[PDB]
Amino acid sequence: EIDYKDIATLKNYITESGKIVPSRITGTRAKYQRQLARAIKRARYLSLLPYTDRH
Amino acid sequence: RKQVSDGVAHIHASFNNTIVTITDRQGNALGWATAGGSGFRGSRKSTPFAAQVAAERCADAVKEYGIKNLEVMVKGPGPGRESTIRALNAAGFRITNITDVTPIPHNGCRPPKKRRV
Amino acid sequence: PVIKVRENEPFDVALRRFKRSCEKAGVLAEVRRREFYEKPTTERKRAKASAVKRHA
Amino acid sequence: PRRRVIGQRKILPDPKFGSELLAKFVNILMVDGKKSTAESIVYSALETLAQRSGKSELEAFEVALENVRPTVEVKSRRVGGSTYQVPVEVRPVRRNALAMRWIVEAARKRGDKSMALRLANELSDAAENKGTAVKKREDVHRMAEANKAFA
RNA sequence: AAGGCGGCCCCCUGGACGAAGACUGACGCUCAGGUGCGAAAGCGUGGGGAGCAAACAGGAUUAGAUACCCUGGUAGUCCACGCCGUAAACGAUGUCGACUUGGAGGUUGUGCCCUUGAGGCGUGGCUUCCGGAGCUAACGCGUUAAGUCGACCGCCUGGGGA
Ligand SMILES: [Mg+2]
Ligand SMILES: [Mg+2]
Ligand SMILES: [Mg+2]
Ligand SMILES: [Mg+2]
Ligand SMILES: [Mg+2]
Ligand SMILES: [Mg+2]
Ligand SMILES: [Mg+2]
Ligand SMILES: [Mg+2]
């Protein structure tokens, strides 16, 4: 269900500086943590999300 | 001699020293002072107090342009991260924004070996 | 950790915010971690040890 | 003082004015348990200060003491192999004691002919906030404001 | 399988596991010799070379300081194709199979339930921490055994010498 194109949902799982929030804080299942990080990584490459607060 | 009224305080705070640089929005250096060159060496150089007078001495070699607002750019882990910022604000300066810009590699270069002291 | 002071907020409060943003962000910890090379075997060793201590 | 906290002996007041404060002063000036000769020097100095400097003997004392009274100071401390200097905010009772003590010490380290004249001129100087004793307060503050970062 | 494998994307490819039923019909387990794989350093040829850094030089420390610390820095660390065949190559625990009380978790399949909630009841694979009997010199191990048994292999026979 998770898609890198759904930047709205993806935003809930990154920090102010675009860093991925660990499963601990979010309390997200471990299978999907991975799915999320792969979609956040995909979304970063396509410039639909920042890598860093810098830019 | 010229006019700015809108600047940015870049403070480089390493463990051994803390360099303060005042600049415009463009990134052009307006004035600078360091702790190591404000009468502090070795064990005293690397103190928050030395960073403070650095910030103070720097505010005197810049008000030639009459800055009135600025942002702060904190780089590095040493003392004078914070105490430097304070001195600026007391020297007659409105602080607009504070930002840490300490660089973090995404694990690139291999750092030097651990020191076996 | 970027911070922007709001109106009629003292320079101090904004600062305290900033320092807690970095406490939150892990800057100095991060810089400490990278000042010196750590062998892979060593960081695997660190990782087990903290797993272990994280049993009460 | 590892375990046992204590109160403090609450000395009798100055015999002449009935001031506990001046009793803290004569004692501080006292040497070799010569109380009789200590208060003699304190009064003659107060009498010299009182007579020819606008009177108000107790008040004259305070004007001078007001000036050498220190609001903050530093307490040495040894943490991680380092001797840090921590500036501590100091309590009122001792504030008087340091104030009195530096006035007395600056008086003996003086050129004048007797301790009474010295004491008198130290108070006068302190009253105008100048001299050694005031300067002792200022070094305390310069030393304190410097390590303001570690409070 | 072990060595070991971590940004993202594609292509080629190995193994593991689950559900259901069909097929083959003991085709299985183990394995001296044999063959293949096998961290790092090291070797050969040609590339590459930011950072790190054996050697080496310089600055310090020290009674000395061929070190620890500092400023530099070559091989090397990187790529291709060959070589080497070793490590505390470790779980210091060979492989395969059967059997023997429990508790809390992690991970990953799958059947069921007003899916009516981020759940409720089962059933496989792997895994972490405790612990029962039993075992053990003790430490500890304890259904992932170091327990109870069987099949086959490797190895030990006081220290130094080696
Ligand atoms: Mg048949
Ligand atoms: Mg080579
Ligand atoms: Mg070196
Ligand atoms: Mg060579
Ligand atoms: Mg061997
Ligand atoms: Mg156990
Ligand atoms: Mg037992
Ligand atoms: Mg033998």
Side-chain angles (χ1 to χ4, degrees), chain A, chain B residues 12-19 34-37 40-47 50-51 75-80 100-117, chain C residues 1 25-56, chain D residues 78-83:
Chain A
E1 179 194 41
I2 187 69
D3 194 62
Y4 70 95
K5 293 193 264 71
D6 189 324
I7 54 171
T9 298
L10 263 52
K11 274 227 198 174
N12 294 325
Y13 300 74
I14 65 172
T15 74
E16 163 176 90
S17 52
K19 277 172 70 188
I20 300 171
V21 183
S23 190
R24 179 194 308 98
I25 279 62
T26 67
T28 185
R29 327 305 195 174
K31 173 165 156 163
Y32 303 109
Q33 177 62 24
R34 298 196 300 275
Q35 290 194 346
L36 295 191
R38 176 171 128 264
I40 291 176
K41 280 167 188 189
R42 279 177 171 194
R44 280 169 174 185
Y45 180 86
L46 296 178
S47 205
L48 303 159
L49 292 172
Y51 281 82
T52 71
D53 52 342
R54 303 323 318 270
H55 286 156
Chain B
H12 178 108
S14 58
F15 277 123
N16 287 346
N17 194 4
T18 69
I19 296 176
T34 77
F40 298 106
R41 304 304 306 161
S43 160
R44 295 158 304 109
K45 170 204 262 184
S46 41
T47 66
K75 192 176 278 180
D100 183 297
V101 286
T102 297
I104 303 300
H106 297 350
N107 259 40
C109 286
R110 178 192 186 107
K113 277 208 82 175
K114 278 173 183 185
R115 310 171 68 229
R116 311 191 289 287
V117 297
Chain C
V27 184
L28 294 203
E30 187 71 57
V31 175
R32 282 181 189 102
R33 182 162 69 84
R34 316 224 188 198
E35 188 174 3
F36 297 115
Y37 178 71
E38 203 168 67
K39 287 218 292 179
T41 171
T42 294
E43 57 207 348
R44 282 194 255 102
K45 171 138 80 76
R46 278 197 309 104
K48 285 181 201 292
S50 59
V52 173
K53 300 163 214 158
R54 293 184 219 118
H55 259 202
Chain D
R78 293 222 60 226
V79 184
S82 327
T83 298

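These values consider heavy atoms only, across backbone and side chains, with no hydrogens, waters or symmetry-generated copies. Sequence lines set the chain letters: A, B, ... in the order given, protein chains first and strands last, and positions in each chain run from 1.
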Please report, rounded to the nearest Å, how far the [atom2] atom of [N] is from the [atom1] atom of [X].
{"X": "C/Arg44", "N": "E/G3", "atom1": "CZ", "atom2": "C1'", "result": "12 Å"}
{"X": "C/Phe36", "N": "E/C69", "atom1": "CZ", "atom2": "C1'", "result": "11 Å"}
{"X": "A/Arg42", "N": "E/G7", "atom1": "CZ", "atom2": "P", "result": "15 Å"}
{"X": "B/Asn16", "N": "E/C69", "atom1": "CG", "atom2": "P", "result": "16 Å"}
{"X": "A/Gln35", "N": "E/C8", "atom1": "CD", "atom2": "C1'", "result": "17 Å"}
{"X": "A/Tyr4", "N": "E/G7", "atom1": "OH", "atom2": "P", "result": "21 Å"}
{"X": "A/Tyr51", "N": "E/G7", "atom1": "OH", "atom2": "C1'", "result": "8 Å"}
{"X": "B/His106", "N": "E/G7", "atom1": "NE2", "atom2": "P", "result": "14 Å"}

Would [N] and [M] count as a stacked step, six-ring centres under 5.5 angstrom and planes under 30 degrees apart?
{"N": "E/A146", "M": "E/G147", "value": "no"}
{"N": "E/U74", "M": "E/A75", "value": "yes"}
{"N": "E/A65", "M": "E/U66", "value": "no"}
{"N": "E/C68", "M": "E/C69", "value": "no"}
{"N": "E/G85", "M": "E/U86", "value": "no"}

Watson-Crick or G-U counterpart of [N], or none if no pair lies under 3.5 Å:
{"N": "E/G25", "result": "none"}
{"N": "E/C17", "result": "none"}
{"N": "E/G36", "result": "none"}
{"N": "E/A138", "result": "none"}
{"N": "E/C83", "result": "E/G42"}
{"N": "E/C99", "result": "E/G147"}
{"N": "E/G72", "result": "E/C56"}
{"N": "E/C112", "result": "E/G120"}

How many angstroms lie between [atom1] in [X] and [atom2] in [Y], if you round to the nearest 0.5 Å?
{"X": "B/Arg115", "Y": "C/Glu35", "atom1": "CZ", "atom2": "CD", "value": "8.5 Å"}
{"X": "C/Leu28", "Y": "B/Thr102", "atom1": "CG", "atom2": "OG1", "value": "7.0 Å"}
{"X": "A/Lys5", "Y": "A/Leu10", "atom1": "NZ", "atom2": "CG", "value": "11.0 Å"}
{"X": "B/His12", "Y": "B/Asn17", "atom1": "NE2", "atom2": "CG", "value": "8.0 Å"}

| Between A/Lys41 and E/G7, is there a side-chain N or O to OP1/OP2 distance below 4.0 Å? | no

Tell me, please, if [N] and [M] meet the Watson-Crick or G-U wobble pairing rule with both distances under 3.5 Å?
{"N": "E/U30", "M": "E/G159", "result": "no"}
{"N": "E/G134", "M": "E/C141", "result": "yes"}
{"N": "E/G51", "M": "E/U77", "result": "yes"}

If you measure from the [atom1] atom in [N] to the same atom in [M], how many Å do you get, rounded?
{"N": "E/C153", "M": "E/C29", "atom1": "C1'", "value": "12 Å"}
{"N": "E/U71", "M": "E/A54", "atom1": "P", "value": "12 Å"}
{"N": "E/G103", "M": "E/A92", "atom1": "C1'", "value": "31 Å"}
{"N": "E/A89", "M": "E/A2", "atom1": "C1'", "value": "8 Å"}
{"N": "E/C52", "M": "E/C78", "atom1": "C1'", "value": "12 Å"}
{"N": "E/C126", "M": "E/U136", "atom1": "P", "value": "29 Å"}
{"N": "E/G102", "M": "E/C11", "atom1": "P", "value": "49 Å"}
{"N": "E/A104", "M": "E/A40", "atom1": "P", "value": "44 Å"}

Using the torsion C1'-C2'-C3'-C4', state whether the ribose or deoxyribose of [N] falls on the north (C3'-endo) or south (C2'-endo) side.
{"N": "E/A65", "answer": "south"}
{"N": "E/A145", "answer": "south"}
{"N": "E/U101", "answer": "north"}
{"N": "E/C31", "answer": "north"}
{"N": "E/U24", "answer": "north"}

| field | C/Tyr37 atom OH, over 12 foreign heavy atoms within 6.0 Å | value | yes

| query | Quick one: does B/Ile104's side chain get under 4.5 Å of C/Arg33's, heavy atoms only? | reply | no

| request: Check the side chains of B/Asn16 and B/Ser14 for a donor-acceptor pair under 3.5 angstrom, ignoring hydrogens and angles. | output: no

| Would you say the side-chain atoms of C/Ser50 and C/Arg54 include a donor-acceptor pair closer than 3.5 Å? | yes

| query | After noting the C-alpha distance and the side-chain angles of B/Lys114 and C/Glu38, does the key distance pass the salt bridge (charged side-chain N to carboxylate O under 4.0 Å, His left out) rule? | reply | CA-CA 8 Å; B/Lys114 278 173 183 185; C/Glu38 203 168 67; 3.4 Å; yes

Do any N or O atoms of the protein come closer than 3.5 Å to N or O atoms of nucleotides 51-53 of chain E, and which pairs are they?
{"unit_1": "E/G51", "atom_1": "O2'", "unit_2": "B/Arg110", "atom_2": "O", "d": "2.6"}
{"unit_1": "E/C52", "atom_1": "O4'", "unit_2": "B/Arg110", "atom_2": "O", "d": "3.4"}
{"unit_1": "E/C52", "atom_1": "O2'", "unit_2": "B/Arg110", "atom_2": "NE", "d": "3.3"}
{"unit_1": "E/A53", "atom_1": "OP1", "unit_2": "B/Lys113", "atom_2": "N", "d": "3.1"}

| request: Dump the intermediate steps for salt bridge (charged side-chain N to carboxylate O under 4.0 Å, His left out) on C/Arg34 and C/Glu30, then the final yes or no. | output: CA-CA 7 Å; C/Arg34 316 224 188 198; C/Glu30 187 71 57; 3.0 Å; yes

| said: Among A/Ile40, A/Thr26, A/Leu36, A/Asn12, exactly one meets side-chain contact (heavy atoms from CB on, under 4.5 Å) together with A/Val21. Which residue is that? | reply: A/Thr26

| remark: Assert: residue with more 5' nearest nucleotide on RNA chain E, out of B/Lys114 and A/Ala37, is A/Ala37

Under 3.5 Å, N/O pairs linking protein and nucleotides 105-111 of chain E:
{"unit_1": "E/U108", "atom_1": "OP1", "unit_2": "A/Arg34", "atom_2": "NH1", "d": "3.0"}
{"unit_1": "E/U108", "atom_1": "OP1", "unit_2": "A/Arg34", "atom_2": "NH2", "d": "2.8"}
{"unit_1": "E/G109", "atom_1": "OP1", "unit_2": "A/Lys31", "atom_2": "NZ", "d": "2.7"}

| message | Can you tell me whether the base of E/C27 sits syn or anti, using the 90° cut around 0 to define syn? | response | syn

| note | Here the pair of heavy atoms bringing B/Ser46 nearest to B/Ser43 is OG-O, 3.8 Å

| Passes side chain to side chain donor-acceptor pair (under 3.5 Å), A/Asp6 versus A/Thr9? Steps please. | CA-CA 6 Å; A/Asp6 189 324; A/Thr9 298; 3.1 Å; yes

